[PDB]
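Colleague: This one's a deposited entry, sequence included:
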There are 2 protein chains.
Amino acid sequence: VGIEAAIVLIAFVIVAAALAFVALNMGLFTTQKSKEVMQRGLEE
Amino acid sequence: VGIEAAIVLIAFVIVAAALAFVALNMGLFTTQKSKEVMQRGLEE
């Protein structure tokens, strides 16, 4: 009974880790691009 | 919210500077020409 619950837990944790990786990567990229675009606006 | 307000402020200040430059330049020129024309009138 416990073993399958542990397997499901492992799967759900692994899914969450991938979501976190994607979220941080894209958030950092979009923050950098926002910095660049507002810098360009100030230049303009 | 602040950043676009700052950009608009910069633009409006820059416009005012150009207006001031034009105003002083033409005012000095017209004062000089008025001096010259009244001097010529006194000569006449």
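Modeller: Here it is on my side, so go on. Numbers count the residues shown, from 1 in each chain, chains lettered A, B, ... in the order given.
Colleague: switch to C-alpha atoms for all contacts and neighbour counts from now on
Modeller: Fine.
Colleague: starting at the chain centroid, how far to stretch A:35-43?
Modeller: 25 Å (CA atoms, centre = their mean, to the nearest Å).
Colleague: scratch that, stretch A:7-22
Modeller: On CA atoms, centre = their mean, the centre of stretch A:7-22 falls 12 Å from the chain's centre.
Colleague: what does stretch A:21-41 give?
Modeller: On CA atoms, centre = their mean, the centre of stretch A:21-41 falls 13 Å from that of its chain.
Colleague: hey, where'd the helices end up in chain A?
Modeller: Remark: helices assigned in chain A by DSSP state H are A:2-43.
Colleague: Grab the most central residue of chain A for me.
Modeller: Nearest to the mean C-alpha position of chain A, counting by CA atoms, centre = their mean, stands residue A:23 at 1.4 Å.
Colleague: Would you check how far apart residue A:40 and residue A:17 are?
Modeller: 35 Å (CA to CA, to the nearest Å).
Colleague: Over to residue A:37?
Modeller: On the measure of CA to CA, residue A:37 and residue A:17 end up 30 Å apart.
Colleague: Residue A:25 now?
Modeller: From residue A:25 to residue A:17 the distance is 12 Å (CA to CA).
Colleague: now residue A:30
Modeller: Distance from residue A:30 to residue A:17, by CA to CA: 20 Å.
Colleague: likewise residue A:39?
Modeller: 33 Å.
Colleague: what does residue A:23 give?
Modeller: 10 Å.
Colleague: Find the residues that touch each one of these two.
Modeller: Common contact partners of residue A:23 and residue A:17 (CA atoms under 8 Å, 6 or more residues apart in numbering or on different chains): none.
Colleague: Distance-wise, check residue A:9 relative to residue A:15.
Modeller: 10 Å.
Colleague: for residue A:27, same thing?
Modeller: 18 Å.
Colleague: Also residue A:36?
Modeller: Per CA to CA, residue A:36 is found 32 Å from residue A:15.
Colleague: now swap in residue A:29 and tell me
Modeller: From residue A:29 to residue A:15 the distance is 21 Å (CA to CA).
Colleague: what residues are up against residue A:14?
Modeller: Applying CA under 8 Å, 6+ apart, no residues contact residue A:14.
Colleague: could you measure residue A:2 against residue B:40, distance?
Modeller: 111 Å.
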